[PDB]
Every structure is written in structure tokens, then in C-alpha cells.
$ cat input33.pdb   # PDB, N, CA and C atoms
ATOM      1  N   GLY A1387      41.766 -96.189-152.240
ATOM      2  CA  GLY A1387      42.277 -96.746-153.479
ATOM      3  C   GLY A1387      41.894 -95.916-154.688
ATOM      4  N   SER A1388      42.708 -94.912-154.997
ATOM      5  CA  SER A1388      42.446 -94.037-156.135
ATOM      6  C   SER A1388      43.557 -94.151-157.174
ATOM      7  N   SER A1389      44.784 -93.863-156.753
ATOM      8  CA  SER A1389      45.934 -93.929-157.648
ATOM      9  C   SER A1389      46.228 -95.372-158.048
ATOM     10  N   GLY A1390      46.578 -95.567-159.317
ATOM     11  CA  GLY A1390      46.881 -96.900-159.806
ATOM     12  C   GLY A1390      47.271 -96.905-161.270
ATOM     13  N   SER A1391      48.569 -96.793-161.536
ATOM     14  CA  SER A1391      49.071 -96.780-162.904
ATOM     15  C   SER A1391      50.447 -97.433-162.985
ATOM     16  N   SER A1392      50.579 -98.415-163.870
ATOM     17  CA  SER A1392      51.842 -99.124-164.043
ATOM     18  C   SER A1392      53.011 -98.145-164.101
ATOM     19  N   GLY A1393      53.991 -98.352-163.226
ATOM     20  CA  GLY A1393      55.151 -97.480-163.193
ATOM     21  C   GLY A1393      55.718 -97.322-161.796
ATOM     22  N   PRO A1394      56.257 -98.420-161.245
ATOM     23  CA  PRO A1394      56.843 -98.424-159.901
ATOM     24  C   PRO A1394      58.145 -97.633-159.835
ATOM     25  N   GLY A1395      58.652 -97.236-160.997
ATOM     26  CA  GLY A1395      59.888 -96.477-161.049
ATOM     27  C   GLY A1395      60.051 -95.721-162.352
ATOM     28  N   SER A1396      58.996 -95.026-162.766
ATOM     29  CA  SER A1396      59.025 -94.261-164.008
ATOM     30  C   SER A1396      59.988 -93.082-163.898
ATOM     31  N   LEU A1397      60.999 -93.070-164.761
ATOM     32  CA  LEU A1397      61.991 -92.001-164.763
ATOM     33  C   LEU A1397      62.094 -91.356-166.141
ATOM     34  N   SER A1398      61.633 -90.113-166.243
ATOM     35  CA  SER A1398      61.673 -89.385-167.506
ATOM     36  C   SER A1398      61.011 -90.192-168.619
ATOM     37  N   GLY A1399      59.912 -90.862-168.283
ATOM     38  CA  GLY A1399      59.203 -91.663-169.264
ATOM     39  C   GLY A1399      57.702 -91.469-169.194
ATOM     40  N   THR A1400      57.278 -90.271-168.803
ATOM     41  CA  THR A1400      55.859 -89.959-168.693
ATOM     42  C   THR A1400      55.541 -88.609-169.325
ATOM     43  N   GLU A1401      54.349 -88.498-169.904
ATOM     44  CA  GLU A1401      53.924 -87.259-170.544
ATOM     45  C   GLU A1401      54.477 -86.046-169.801
ATOM     46  N   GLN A1402      54.213 -85.987-168.500
ATOM     47  CA  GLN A1402      54.682 -84.879-167.676
ATOM     48  C   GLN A1402      56.171 -84.633-167.891
ATOM     49  N   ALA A1403      56.980 -85.650-167.613
ATOM     50  CA  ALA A1403      58.425 -85.546-167.778
ATOM     51  C   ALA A1403      58.779 -84.799-169.060
ATOM     52  N   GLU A1404      58.309 -85.318-170.189
ATOM     53  CA  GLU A1404      58.578 -84.700-171.482
ATOM     54  C   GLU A1404      58.324 -83.196-171.430
ATOM     55  N   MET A1405      57.146 -82.818-170.943
ATOM     56  CA  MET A1405      56.779 -81.410-170.839
ATOM     57  C   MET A1405      57.791 -80.646-169.992
ATOM     58  N   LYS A1406      57.940 -81.061-168.739
ATOM     59  CA  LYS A1406      58.876 -80.417-167.825
ATOM     60  C   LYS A1406      60.224 -80.184-168.501
ATOM     61  N   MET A1407      60.934 -81.271-168.787
ATOM     62  CA  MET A1407      62.236 -81.183-169.435
ATOM     63  C   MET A1407      62.230 -80.119-170.529
ATOM     64  N   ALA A1408      61.389 -80.320-171.538
ATOM     65  CA  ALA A1408      61.284 -79.376-172.644
ATOM     66  C   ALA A1408      61.174 -77.943-172.135
ATOM     67  N   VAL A1409      60.189 -77.699-171.277
ATOM     68  CA  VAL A1409      59.975 -76.371-170.715
ATOM     69  C   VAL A1409      61.259 -75.819-170.104
ATOM     70  N   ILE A1410      61.849 -76.583-169.191
ATOM     71  CA  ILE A1410      63.083 -76.172-168.532
ATOM     72  C   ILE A1410      64.076 -75.596-169.537
ATOM     73  N   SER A1411      64.225 -76.274-170.669
ATOM     74  CA  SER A1411      65.144 -75.832-171.710
ATOM     75  C   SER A1411      64.624 -74.571-172.395
ATOM     76  N   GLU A1412      63.304 -74.476-172.520
ATOM     77  CA  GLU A1412      62.679 -73.322-173.156
ATOM     78  C   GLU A1412      63.071 -72.030-172.445
ATOM     79  N   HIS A1413      63.017 -72.053-171.117
ATOM     80  CA  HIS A1413      63.365 -70.884-170.318
ATOM     81  C   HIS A1413      64.878 -70.776-170.144
ATOM     82  N   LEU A1414      65.524 -71.914-169.914
ATOM     83  CA  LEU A1414      66.971 -71.948-169.728
ATOM     84  C   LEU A1414      67.659 -70.928-170.630
ATOM     85  N   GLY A1415      67.625 -71.180-171.935
ATOM     86  CA  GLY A1415      68.247 -70.274-172.882
ATOM     87  C   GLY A1415      69.719 -70.058-172.596
ATOM     88  N   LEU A1416      70.019 -69.071-171.759
ATOM     89  CA  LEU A1416      71.399 -68.761-171.404
ATOM     90  C   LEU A1416      71.813 -69.495-170.133
ATOM     91  N   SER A1417      70.993 -69.376-169.093
ATOM     92  CA  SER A1417      71.275 -70.027-167.820
ATOM     93  C   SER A1417      71.896 -71.403-168.038
ATOM     94  N   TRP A1418      71.563 -72.022-169.165
ATOM     95  CA  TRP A1418      72.088 -73.344-169.494
ATOM     96  C   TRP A1418      73.546 -73.472-169.069
ATOM     97  N   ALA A1419      74.357 -72.489-169.445
ATOM     98  CA  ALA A1419      75.773 -72.492-169.099
ATOM     99  C   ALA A1419      75.973 -72.734-167.607
ATOM    100  N   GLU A1420      75.423 -71.843-166.789
ATOM    101  CA  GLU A1420      75.544 -71.960-165.340
ATOM    102  C   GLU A1420      75.044 -73.320-164.861
ATOM    103  N   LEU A1421      73.856 -73.700-165.317
ATOM    104  CA  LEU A1421      73.263 -74.978-164.934
ATOM    105  C   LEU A1421      74.219 -76.130-165.229
ATOM    106  N   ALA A1422      74.811 -76.111-166.418
ATOM    107  CA  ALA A1422      75.749 -77.152-166.821
ATOM    108  C   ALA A1422      76.900 -77.268-165.827
ATOM    109  N   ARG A1423      77.626 -76.171-165.638
ATOM    110  CA  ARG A1423      78.754 -76.151-164.716
ATOM    111  C   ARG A1423      78.347 -76.683-163.346
ATOM    112  N   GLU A1424      77.104 -76.417-162.958
ATOM    113  CA  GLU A1424      76.592 -76.869-161.670
ATOM    114  C   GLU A1424      76.592 -78.392-161.588
ATOM    115  N   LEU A1425      76.360 -79.039-162.725
ATOM    116  CA  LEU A1425      76.331 -80.496-162.785
ATOM    117  C   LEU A1425      77.743 -81.065-162.894
ATOM    118  N   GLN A1426      78.733 -80.244-162.557
ATOM    119  CA  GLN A1426      80.128 -80.666-162.616
ATOM    120  C   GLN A1426      80.561 -80.913-164.056
ATOM    121  N   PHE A1427      80.016 -80.123-164.976
ATOM    122  CA  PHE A1427      80.346 -80.256-166.391
ATOM    123  C   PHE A1427      81.570 -79.416-166.745
ATOM    124  N   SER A1428      82.665 -80.091-167.082
ATOM    125  CA  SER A1428      83.903 -79.408-167.438
ATOM    126  C   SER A1428      83.739 -78.628-168.739
ATOM    127  N   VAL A1429      84.582 -77.617-168.925
ATOM    128  CA  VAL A1429      84.532 -76.793-170.127
ATOM    129  C   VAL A1429      84.425 -77.653-171.381
ATOM    130  N   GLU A1430      85.222 -78.717-171.431
ATOM    131  CA  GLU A1430      85.217 -79.620-172.575
ATOM    132  C   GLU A1430      83.793 -79.876-173.061
ATOM    133  N   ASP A1431      82.962 -80.419-172.178
ATOM    134  CA  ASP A1431      81.574 -80.714-172.515
ATOM    135  C   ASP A1431      80.821 -79.437-172.878
ATOM    136  N   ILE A1432      80.955 -78.418-172.037
ATOM    137  CA  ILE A1432      80.286 -77.143-172.269
ATOM    138  C   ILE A1432      80.672 -76.560-173.624
ATOM    139  N   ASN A1433      81.905 -76.074-173.725
ATOM    140  CA  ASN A1433      82.398 -75.490-174.965
ATOM    141  C   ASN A1433      81.891 -76.271-176.174
ATOM    142  N   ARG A1434      82.001 -77.594-176.104
ATOM    143  CA  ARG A1434      81.555 -78.456-177.192
ATOM    144  C   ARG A1434      80.113 -78.142-177.579
ATOM    145  N   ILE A1435      79.218 -78.192-176.597
ATOM    146  CA  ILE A1435      77.808 -77.913-176.834
ATOM    147  C   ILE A1435      77.626 -76.580-177.554
ATOM    148  N   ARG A1436      78.402 -75.581-177.145
ATOM    149  CA  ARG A1436      78.326 -74.258-177.751
ATOM    150  C   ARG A1436      78.662 -74.321-179.239
ATOM    151  N   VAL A1437      79.665 -75.123-179.580
ATOM    152  CA  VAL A1437      80.085 -75.273-180.968
ATOM    153  C   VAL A1437      79.158 -76.219-181.724
ATOM    154  N   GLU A1438      78.443 -77.058-180.979
ATOM    155  CA  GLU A1438      77.520 -78.013-181.580
ATOM    156  C   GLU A1438      76.122 -77.415-181.704
ATOM    157  N   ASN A1439      75.857 -76.375-180.919
ATOM    158  CA  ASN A1439      74.559 -75.713-180.940
ATOM    159  C   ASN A1439      74.721 -74.201-181.059
ATOM    160  N   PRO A1440      75.588 -73.770-181.987
ATOM    161  CA  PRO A1440      75.854 -72.347-182.223
ATOM    162  C   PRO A1440      74.667 -71.633-182.859
ATOM    163  N   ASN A1441      73.820 -72.397-183.543
ATOM    164  CA  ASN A1441      72.645 -71.836-184.200
ATOM    165  C   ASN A1441      71.892 -70.900-183.260
ATOM    166  N   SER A1442      71.431 -71.443-182.138
ATOM    167  CA  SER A1442      70.691 -70.657-181.156
ATOM    168  C   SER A1442      70.940 -71.178-179.745
ATOM    169  N   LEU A1443      70.421 -70.459-178.756
ATOM    170  CA  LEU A1443      70.586 -70.846-177.359
ATOM    171  C   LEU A1443      69.675 -72.019-177.008
ATOM    172  N   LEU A1444      68.414 -71.924-177.415
ATOM    173  CA  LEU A1444      67.442 -72.978-177.146
ATOM    174  C   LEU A1444      68.045 -74.355-177.407
ATOM    175  N   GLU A1445      68.793 -74.469-178.501
ATOM    176  CA  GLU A1445      69.427 -75.732-178.862
ATOM    177  C   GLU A1445      70.440 -76.155-177.802
ATOM    178  N   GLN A1446      71.164 -75.180-177.261
ATOM    179  CA  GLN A1446      72.167 -75.451-176.239
ATOM    180  C   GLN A1446      71.527 -76.064-174.997
ATOM    181  N   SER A1447      70.382 -75.519-174.599
ATOM    182  CA  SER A1447      69.671 -76.009-173.423
ATOM    183  C   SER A1447      69.199 -77.445-173.633
ATOM    184  N   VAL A1448      68.607 -77.702-174.795
ATOM    185  CA  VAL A1448      68.110 -79.034-175.120
ATOM    186  C   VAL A1448      69.232 -80.066-175.071
ATOM    187  N   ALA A1449      70.292 -79.817-175.833
ATOM    188  CA  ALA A1449      71.433 -80.723-175.874
ATOM    189  C   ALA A1449      71.955 -81.012-174.471
ATOM    190  N   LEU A1450      72.145 -79.957-173.686
ATOM    191  CA  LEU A1450      72.641 -80.098-172.322
ATOM    192  C   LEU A1450      71.820 -81.122-171.546
ATOM    193  N   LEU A1451      70.535 -80.834-171.373
ATOM    194  CA  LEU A1451      69.639 -81.732-170.651
ATOM    195  C   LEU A1451      69.851 -83.179-171.087
ATOM    196  N   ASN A1452      69.880 -83.398-172.398
ATOM    197  CA  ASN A1452      70.077 -84.735-172.944
ATOM    198  C   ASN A1452      71.334 -85.379-172.368
ATOM    199  N   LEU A1453      72.400 -84.592-172.262
ATOM    200  CA  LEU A1453      73.664 -85.085-171.725
ATOM    201  C   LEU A1453      73.507 -85.517-170.271
ATOM    202  N   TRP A1454      73.012 -84.607-169.440
ATOM    203  CA  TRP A1454      72.811 -84.894-168.024
ATOM    204  C   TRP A1454      72.061 -86.209-167.837
ATOM    205  N   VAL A1455      71.009 -86.403-168.626
ATOM    206  CA  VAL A1455      70.208 -87.618-168.547
ATOM    207  C   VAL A1455      71.050 -88.851-168.856
ATOM    208  N   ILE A1456      71.818 -88.782-169.938
ATOM    209  CA  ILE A1456      72.672 -89.893-170.341
ATOM    210  C   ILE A1456      73.720 -90.196-169.275
ATOM    211  N   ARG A1457      74.524 -89.190-168.942
ATOM    212  CA  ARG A1457      75.568 -89.349-167.937
ATOM    213  C   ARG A1457      75.015 -90.016-166.680
ATOM    214  N   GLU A1458      73.946 -89.445-166.134
ATOM    215  CA  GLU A1458      73.323 -89.985-164.931
ATOM    216  C   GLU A1458      72.814 -91.403-165.171
ATOM    217  N   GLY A1459      72.099 -91.591-166.276
ATOM    218  CA  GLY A1459      71.565 -92.900-166.602
ATOM    219  C   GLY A1459      70.324 -93.235-165.800
ATOM    220  N   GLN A1460      70.517 -93.869-164.649
ATOM    221  CA  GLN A1460      69.402 -94.249-163.789
ATOM    222  C   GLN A1460      69.367 -93.388-162.531
ATOM    223  N   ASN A1461      70.541 -93.134-161.961
ATOM    224  CA  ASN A1461      70.645 -92.325-160.752
ATOM    225  C   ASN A1461      69.964 -90.972-160.943
ATOM    226  N   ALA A1462      69.779 -90.582-162.200
ATOM    227  CA  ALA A1462      69.137 -89.312-162.519
ATOM    228  C   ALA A1462      67.802 -89.175-161.795
ATOM    229  N   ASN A1463      67.435 -87.939-161.470
ATOM    230  CA  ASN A1463      66.181 -87.673-160.775
ATOM    231  C   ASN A1463      65.731 -86.231-160.999
ATOM    232  N   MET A1464      64.435 -86.052-161.234
ATOM    233  CA  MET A1464      63.877 -84.724-161.462
ATOM    234  C   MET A1464      64.267 -83.770-160.338
ATOM    235  N   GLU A1465      64.192 -84.255-159.103
ATOM    236  CA  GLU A1465      64.536 -83.444-157.942
ATOM    237  C   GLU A1465      65.932 -82.845-158.091
ATOM    238  N   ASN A1466      66.939 -83.711-158.138
ATOM    239  CA  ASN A1466      68.322 -83.270-158.278
ATOM    240  C   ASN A1466      68.436 -82.161-159.319
ATOM    241  N   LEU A1467      67.784 -82.359-160.460
ATOM    242  CA  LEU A1467      67.812 -81.376-161.538
ATOM    243  C   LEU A1467      67.338 -80.013-161.043
ATOM    244  N   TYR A1468      66.183 -79.997-160.385
ATOM    245  CA  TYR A1468      65.619 -78.759-159.861
ATOM    246  C   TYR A1468      66.595 -78.077-158.907
ATOM    247  N   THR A1469      67.212 -78.869-158.036
ATOM    248  CA  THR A1469      68.168 -78.343-157.069
ATOM    249  C   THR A1469      69.304 -77.603-157.766
ATOM    250  N   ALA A1470      69.807 -78.186-158.849
ATOM    251  CA  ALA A1470      70.894 -77.581-159.608
ATOM    252  C   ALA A1470      70.463 -76.252-160.219
ATOM    253  N   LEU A1471      69.222 -76.198-160.692
ATOM    254  CA  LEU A1471      68.688 -74.985-161.302
ATOM    255  C   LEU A1471      68.683 -73.831-160.304
ATOM    256  N   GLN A1472      68.059 -74.053-159.152
ATOM    257  CA  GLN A1472      67.985 -73.032-158.114
ATOM    258  C   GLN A1472      69.378 -72.541-157.733
ATOM    259  N   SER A1473      70.316 -73.475-157.607
ATOM    260  CA  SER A1473      71.686 -73.138-157.242
ATOM    261  C   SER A1473      72.175 -71.926-158.028
ATOM    262  N   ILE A1474      71.963 -71.954-159.340
ATOM    263  CA  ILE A1474      72.380 -70.858-160.204
ATOM    264  C   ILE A1474      71.326 -69.757-160.244
ATOM    265  N   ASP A1475      70.579 -69.620-159.154
ATOM    266  CA  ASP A1475      69.538 -68.604-159.063
ATOM    267  C   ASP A1475      68.521 -68.765-160.188
ATOM    268  N   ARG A1476      68.149 -70.009-160.469
ATOM    269  CA  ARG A1476      67.185 -70.299-161.524
ATOM    270  C   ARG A1476      66.047 -71.167-160.997
ATOM    271  N   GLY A1477      65.405 -70.709-159.927
ATOM    272  CA  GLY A1477      64.307 -71.456-159.343
ATOM    273  C   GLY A1477      62.963 -71.062-159.925
ATOM    274  N   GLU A1478      62.933 -69.936-160.631
ATOM    275  CA  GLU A1478      61.700 -69.449-161.240
ATOM    276  C   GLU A1478      61.081 -70.515-162.140
ATOM    277  N   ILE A1479      61.932 -71.330-162.754
ATOM    278  CA  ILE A1479      61.468 -72.390-163.640
ATOM    279  C   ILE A1479      60.726 -73.471-162.863
ATOM    280  N   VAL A1480      61.336 -73.936-161.777
ATOM    281  CA  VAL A1480      60.731 -74.969-160.945
ATOM    282  C   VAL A1480      59.413 -74.491-160.345
ATOM    283  N   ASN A1481      59.313 -73.185-160.116
ATOM    284  CA  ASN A1481      58.105 -72.600-159.546
ATOM    285  C   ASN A1481      56.978 -72.568-160.574
ATOM    286  N   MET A1482      57.292 -72.092-161.774
ATOM    287  CA  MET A1482      56.307 -72.010-162.846
ATOM    288  C   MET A1482      55.979 -73.397-163.390
ATOM    289  N   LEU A1483      56.902 -74.335-163.205
ATOM    290  CA  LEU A1483      56.711 -75.700-163.678
ATOM    291  C   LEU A1483      55.935 -76.526-162.657
ATOM    292  N   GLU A1484      56.384 -76.488-161.406
ATOM    293  CA  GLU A1484      55.729 -77.232-160.336
ATOM    294  C   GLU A1484      55.078 -76.283-159.334
ATOM    295  N   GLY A1485      53.752 -76.197-159.385
ATOM    296  CA  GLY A1485      53.030 -75.324-158.477
ATOM    297  C   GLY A1485      51.594 -75.761-158.273
ATOM    298  N   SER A1486      51.387 -76.701-157.356
ATOM    299  CA  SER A1486      50.051 -77.210-157.069
ATOM    300  C   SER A1486      49.072 -76.064-156.831
ATOM    301  N   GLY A1487      49.551 -75.013-156.169
ATOM    302  CA  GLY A1487      48.707 -73.868-155.888
ATOM    303  C   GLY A1487      47.462 -74.242-155.108
ATOM    304  N   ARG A1488      47.543 -74.144-153.785
ATOM    305  CA  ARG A1488      46.414 -74.478-152.925
ATOM    306  C   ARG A1488      46.119 -73.342-151.950
ATOM    307  N   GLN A1489      44.922 -73.360-151.373
ATOM    308  CA  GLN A1489      44.516 -72.331-150.423
ATOM    309  C   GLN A1489      43.537 -72.892-149.397
ATOM    310  N   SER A1490      43.893 -72.774-148.122
ATOM    311  CA  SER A1490      43.048 -73.274-147.042
ATOM    312  C   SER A1490      42.347 -72.124-146.325
ATOM    313  N   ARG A1491      41.244 -71.660-146.903
ATOM    314  CA  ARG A1491      40.480 -70.564-146.320
ATOM    315  C   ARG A1491      40.291 -70.769-144.820
ATOM    316  N   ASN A1492      40.048 -69.676-144.104
ATOM    317  CA  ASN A1492      39.850 -69.737-142.660
ATOM    318  C   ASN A1492      38.650 -68.894-142.241
ATOM    319  N   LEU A1493      37.621 -69.557-141.723
ATOM    320  CA  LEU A1493      36.413 -68.869-141.281
ATOM    321  C   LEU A1493      36.697 -67.997-140.061
ATOM    322  N   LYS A1494      37.296 -68.598-139.039
ATOM    323  CA  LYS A1494      37.626 -67.877-137.815
ATOM    324  C   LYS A1494      38.478 -68.740-136.889
ATOM    325  N   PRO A1495      39.312 -68.083-136.069
ATOM    326  CA  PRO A1495      40.193 -68.771-135.120
ATOM    327  C   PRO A1495      39.421 -69.418-133.976
ATOM    328  N   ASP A1496      39.757 -70.667-133.673
ATOM    329  CA  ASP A1496      39.095 -71.398-132.598
ATOM    330  C   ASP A1496      40.063 -71.673-131.453
ATOM    331  N   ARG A1497      39.530 -71.731-130.236
ATOM    332  CA  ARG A1497      40.348 -71.985-129.056
ATOM    333  C   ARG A1497      41.056 -73.332-129.164
TER     334      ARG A1497
END
$ encode --input "input33.pdb" --output "C-alpha cells"
Amino acid sequence: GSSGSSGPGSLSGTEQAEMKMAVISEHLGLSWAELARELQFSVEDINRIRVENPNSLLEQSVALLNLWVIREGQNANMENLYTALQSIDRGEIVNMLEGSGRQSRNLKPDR
């Protein structure tokens, strides 16, 4: 009995979530386009974001994520998001974002 924190179904409502999402957009920059299309986002939505976030790319990534979250609503899931990223050859983010990093040293092989 170690783990114990209210949240039987916390979705994008935890300190971590905020960080992850934000970060994803930080690196996204351009990939955002590819990532968007991956989520079955028609040009309409895409092009729009470009005209709504012409200032810089970072803004485009942020806006996009916000959309995906809304559209999905509840069905949304961090996993699915990661899967879409890798699809467009953008797994480096999920790696730098999620990496427990463990090592099981080995003294010697036993029969």
C-alpha cells in the first residue's frame, strides 16, 4: 500500500499532463502539421490554425493540441497522442518526455 491519490480517471488534469502537453508543443514546432493530419484533421482545420497562429510555429502546436483535446473530449488519451506522434516519425518527443531510465546490473550468469 504505497500509491494513493484521488483520481480514478484523471485525464489531462495533473501537473504532469500540463508539462507533457506543453513540452510536446515546444518541440513540435513544424511537425505540428504532420501530427495534425495524422489525427484525421482536414485542411480546413489545419489551414485555419495556420492563419490563426501565423505569428509563430510554437503557437500552431499549442492551438492544435487544444483542438485534439476538445474534439476527443473524454475518449482522448495520452497514449493515442504519442502513437500519432511516432507515426509522423516524431517519437523523439515521447522518448525525451517519457523515460523511466532503469538499469539491472548483472554480477554474473548463473546456471
$ atom_distance --input "input33.pdb" --atom1 "atom CA of residue 1454 of chain A" --atom2 "atom CA of residue 1425 of chain A"
7.7 Å
$ atom_distance --input "input33.pdb" --atom1 "atom C of residue 1406 of chain A" --atom2 "atom CA of residue 1392 of chain A"
21.2 Å
$ select_by_dssp --input "input33.pdb" --residues "chain A" --states "helix (DSSP H, G or I)" --output "PyMOL selection string"
chain A and resi 1401-1414+1418-1424+1429-1438+1443-1458+1464-1473+1478-1483
$ atom_distance --input "input33.pdb" --atom1 "atom CA of residue 1410 of chain A" --atom2 "atom CA of residue 1389 of chain A"
27.0 Å
$ resolve_selection --input "input33.pdb" --expression "the PyMOL selection byres ((chain A and resi 1431-1444) around 7)" --output "ChimeraX atom specification"
/A:1411-1412,1414-1416,1427-1430,1445-1450
$ closest_residue --input "input33.pdb" --among "A:1469, A:1402, A:1452, A:1388" --to "residue 1481 of chain A" --atoms "only C-alpha atoms"
A:1469
$ axis_aligned_box --input "input33.pdb" --around "segment 1449-1461 of chain A" --padding-each-side "5 Å" --output "lines of an AutoDock Vina configuration file"
center_x = 72.5
center_y = -87.0
center_z = -168.3
size_x = 16.2
size_y = 24.4
size_z = 25.1
